[PDB]
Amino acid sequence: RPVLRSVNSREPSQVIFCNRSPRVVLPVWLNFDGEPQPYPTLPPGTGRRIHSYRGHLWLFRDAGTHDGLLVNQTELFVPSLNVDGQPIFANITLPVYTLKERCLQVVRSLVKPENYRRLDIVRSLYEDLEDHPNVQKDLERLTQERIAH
């Protein structure tokens, strides 16, 4: 009943996820309730043909930081049907982040959770750090994204 769920299309759609990003990629699938689900991770560079369904809803994150990744130059992925039996192609890449979270990501990995507070930084930054990107959030951000459009 939210406006980002997989349609119960009951139609097969053989789909290829290959990760062209340095990250370990986590396929996330928004089901029939719109609740994201974790699938087996893709090592960087490689990819697999998957049995998905027409009009299912896939998005992709770095399995580590949960950083937002792109797919076919977009946040979300929905296939359609395989024309003449040929398969759909999901090209998972890095987005041009802002140098802000780009750097956030780095500080975030090198510094353990508790000791963000030791870093010699201005005060708004401990919150910039402490709010590491989230999928449940990036679902709410996007629903009103498309509700405005």
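In this text, residue numbers run from 1 along the sequence as written.
- According to the PDB record, 131-139 carries the higher mean C-alpha B-factor of the two stretches 16-24 and 131-139.
- Of the two segments, 28-36 and 112-120, the one listed with the higher mean B-factor is 112-120 (C-alpha atoms only).
- The PDB entry assigns its highest CA temperature factor, among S52, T98, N91, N82, to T98.
- Among all modelled residues in its chain, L69 ranks in the lowest third by Cα B-factor.
- Per-chain ranking of the deposited C-alpha B factor places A63 in the middle third.
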